[PDB]
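Enquirer: Sharing a structure here in structure tokens format.
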Amino acid sequence: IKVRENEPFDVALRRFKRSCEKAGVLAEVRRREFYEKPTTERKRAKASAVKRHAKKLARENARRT
Amino acid sequence: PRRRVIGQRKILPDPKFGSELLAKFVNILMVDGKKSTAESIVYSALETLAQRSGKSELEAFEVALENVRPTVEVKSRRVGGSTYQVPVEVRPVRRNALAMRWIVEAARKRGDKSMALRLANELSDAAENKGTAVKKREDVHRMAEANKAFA
Amino acid sequence: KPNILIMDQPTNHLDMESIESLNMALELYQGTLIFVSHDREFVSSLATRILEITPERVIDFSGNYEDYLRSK
Amino acid sequence: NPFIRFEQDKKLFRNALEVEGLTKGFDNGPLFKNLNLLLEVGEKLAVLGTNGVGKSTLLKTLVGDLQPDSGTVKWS
Amino acid sequence: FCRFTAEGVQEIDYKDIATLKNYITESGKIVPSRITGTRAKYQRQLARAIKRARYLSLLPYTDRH
Amino acid sequence: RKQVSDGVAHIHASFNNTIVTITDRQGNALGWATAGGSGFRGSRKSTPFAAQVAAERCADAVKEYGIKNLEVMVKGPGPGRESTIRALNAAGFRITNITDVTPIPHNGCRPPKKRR
RNA sequence: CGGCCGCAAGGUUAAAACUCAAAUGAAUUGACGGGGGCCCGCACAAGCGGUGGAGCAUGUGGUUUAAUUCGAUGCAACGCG
Ligand SMILES: Nc1ncnc2c1ncn2[C@@H]1O[C@H](COP(=O)(O)OP(=O)(O)OP(=O)(O)O)[C@@H](O)[C@H]1O
Ligand SMILES: [Mg+2]
Ligand SMILES: [Mg+2]
Ligand SMILES: [Mg+2]
Ligand SMILES: [Mg+2]
Ligand code: NA
């Protein structure tokens, strides 16, 4: 998380360490555990990624373009 | 409007001085569809303003009216339950149009004599950032820079 | 019951409890007035058309006195 | 807390003074030169200044206890 | 993709720190197999080794302590 | 007084405010300037620009100590996160490094439930 | 209701009188949603000028009258037949 870039930085640009935890975990860990919404949210999550492989097969659509 | 994009309107140059900007100023303070009387007031307004400044038009209408045009105004941006006004930039074509519509508005108050005197006494004060018209520039601009938190 | 009140300095000797009554009356007043009261939160309370005098340069309507005293 | 409320017997509409020039300086250089202003039935206009700027003598010349050296005031 | 442990068929240990540090982020967390490419079998040993290494204080739980 | 040369500037960002403080390297506070303590009450203090006013107001009230190098550690989820570490670069303090300390429990305390 | 279990909450086994000509499942066409996407119109936004404020004209409700003829009476009736 710490950034030094010793002498010539003048620029924060800590997206390298910004995009590890805070983007997801801090805005999600504040509520809503319930122990069974996650198993239906995740179930509909990776069920919502498998059809993207079905439209990776959707190349053979002519559409005349 | 919604679908099309309107190009522009070609306005005849001002007769006495072949400038397009002054004709738009003439129309803005022209009411009731009486263009004959409007040009009488406008020319008299610069008639009693050129002598005060000392030179004909480059000081009577260019600088004195660029001291009132705003550079940033505010518009409502209701999107998802919001009722605040987000500052935006104003186009160079619209900058002038706001200016003339303000000098005329500021000269519609301040009842002294015929409109030639009321407008002339307002164009002068706008040369030194004094008149009511330039006050509305502050009113809008201070409100713009007060709500800079939104962008 | 006059139209225009000149009221040189109203806040001179007042009680600071009569000052509040004077402020209430002045706000509720629907006529015309001028006044030169030097009190800060009197002109700050009501004034909007400042006429600042000074031996060489005079100011006319800077604003609601807050832009005035924040610029100067 | 006294209960004071100034009413109005008749309402003014257009303006009050329409002052143009006074040229009022007692003995030294005039404390103000032009002072051309109107009211349009405005409000307030809290004149301010230091101890010795001339607000009270301006008010006196405005009302009529004194008169300006050159110019006019005229009320509605 | 998985060209790190598939050849050296063994059981990972908690003393080989020089290899565990290749499977950690700069915040201290374990790198998932989706990014690294390690197979499922050795990941459950890679995760086990790190949690033993932390307890003995050969690795940090978080980047700061 | 005491002319402390190097200090630390905690940034307590949050969804409702942005509390900006400046402290010495041993945690003894010197001065602070919260976002909502600078005329931003209401929804306005939950804005990035409202945090800048907190940073500028905190440049003073510590100027007597004469700080030239600052270690800024940021906390909490909110918009007053980036807009106050840029405002610390312009106020004159030279930012040595930027830290994000933030309590991330290892699946410990049970969160609340209070939104429907 | 009765039997059994239980400290209690209750569980389990389990009817009848009376009433109706329906209740229900999947699917189709619409309509609707404070469901989603796209598009249009003086729909909004950008401007000008009006109504609602007052005197009068006119029409309509009501009220009165012996009669105040009849019809129109959301948008699409009310300077309408
Ligand atoms: N009779 C006088 N003789 C000399 N100078 C005068 C006289 N009357 C007024 N002045 C000058 O006019 C200036 C402005 O007049 P005024 O008395 O209103 O001043 P002020 O000190 O601002 O007001 P005040 O003390 O009355 O509240 C004064 O500062 C003073 O120098
Ligand atoms: Mg509660
Ligand atoms: Mg069922
Ligand atoms: Mg009516
Ligand atoms: Mg019928
Ligand atoms: Na005085």
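In the structure tokens, each chain is lettered A, B, ... as it comes, each chain's residues begin at 1, and ligands are numbered from 1 in order of appearance.
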Please, which residues have at least one atom within 10 Å of an atom of ligand 4, using only C-alpha atoms (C1' of nucleotides) and all ligand atoms, listed as a list in words?
Expert: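 Every residue with an atom at most 10 Å from ligand 4 is listed here: residues 52, 53 and 54 of chain G.
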Enquirer: Give me the residues near residue 1 of chain D as a count of residues only, where near means some atom within 7 Å (using only C-alpha atoms (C1' of nucleotides)) and where sequence neighbours in that chain fewer than 6 positions away do not count.
Expert: 3
Enquirer: I'd like the interatomic distance between atom CA of residue 8 of chain C and atom CA of residue 62 of chain C, to a tenth of an Å.
Expert: 21.0 Å
Enquirer: List as JSON, numbers by chain the protein and nucleic acid residues lying within 12 Å of ligand 3, with only C-alpha atoms (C1' of nucleotides) and all ligand atoms counted.
Expert: {"G": [23, 24, 25]}
Enquirer: Ligand 6: which residues are within 7 Å, counting only C-alpha atoms (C1' of nucleotides) and all ligand atoms? Reply as a list in words.
Expert: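 Written in the requested form, the residues are residues 8 and 36 of chain C; 54, 55, 56 and 57 of chain D.
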Enquirer: Could you check how far atom CA of residue 50 of chain A sits from atom CA of residue 37 of chain E, in Å to one decimal?
Expert: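 Between these atoms lies a distance of 19.6 Å.
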Enquirer: Residues at most 12 Å from residue 7 of chain E, counting only C-alpha atoms (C1' of nucleotides), excluding those fewer than 5 positions away in the same chain, as an MDAnalysis selection string?
Expert: chainID E and resid 2 38:39 42
Enquirer: Would you mind exporting the chosen residues as a PDB file, in the first residue's frame, restricted to C-alpha atoms?
Expert:
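Done, and the output landed in again_28.pdb:
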ATOM      1  CA  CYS E   2       0.682 -23.772 -14.690  1.00  0.00           C
ATOM      2  CA  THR E  38      -1.422 -22.999 -10.386  1.00  0.00           C
ATOM      3  CA  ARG E  39      -3.504 -26.163 -10.409  1.00  0.00           C
ATOM      4  CA  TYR E  42      -1.089 -27.560  -5.232  1.00  0.00           C
TER       5      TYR E  42
END
Enquirer: Hey, can you check how far atom CA of residue 30 of chain F sits from atom CA of residue 5 of chain A?
Expert: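 Atom CA of residue 30 of chain F sits 28.0 Å away from atom CA of residue 5 of chain A.
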Enquirer: Check the DSSP output for the backbone and give back, as number ranges by chain, the residues of chain E in alpha helix (DSSP H).
Expert: E: 17-20, 33-36, 40-55
Enquirer: Find the residues of chain B in contact range of chain G, meaning any atom within 12 Å when counting only C-alpha atoms (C1' of nucleotides), and list them as a PyMOL selection string.
Expert: chain B and resi 1-4+27-33+75-78+94+97-98+101
Enquirer: Identify all chain F residues at most 9 Å from chain A by counting only C-alpha atoms; ligands do not count. Present them as number ranges by chain.
Expert: F: 76-77, 85-86, 89, 95-104, 107, 110-115
Enquirer: Residues at most 10 Å from ligand 1, using only C-alpha atoms (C1' of nucleotides) and all ligand atoms? Could they come as a PyMOL selection string?
Expert: (chain C and resi 8-9+12+36-38+53-55) or (chain D and resi 24-28+30-32+47-60)
Enquirer: Excluding residue 88 of chain B and its own-chain neighbours fewer than 5 positions away, which residues fall within 8 Å of it when counting only C-alpha atoms (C1' of nucleotides)? Please give them as JSON, numbers by chain.
Expert: {"B": [72, 73, 74, 75, 151]}
Enquirer: Quick one: write out the picked residues with C-alpha atoms as a short mmCIF file (atom, residue, chain, number, x, y, z; two decimals), in the first residue's frame?
Expert:
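Result file result-v6.cif:
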data_model
loop_
_atom_site.label_atom_id
_atom_site.label_comp_id
_atom_site.auth_asym_id
_atom_site.auth_seq_id
_atom_site.Cartn_x
_atom_site.Cartn_y
_atom_site.Cartn_z
CA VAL B 72 -19.68 30.26 -16.50
CA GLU B 73 -23.36 29.85 -15.60
CA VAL B 74 -25.38 27.11 -13.89
CA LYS B 75 -28.07 24.71 -15.09
CA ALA B 151 -18.83 19.00 -11.86
#
Enquirer: Select, as JSON, numbers by chain, those residues of chain E with any atom no more than 10 Å from chain A (distances computed using only C-alpha atoms).
Expert: {"E": [25, 26, 27, 28, 29, 62, 63, 64]}
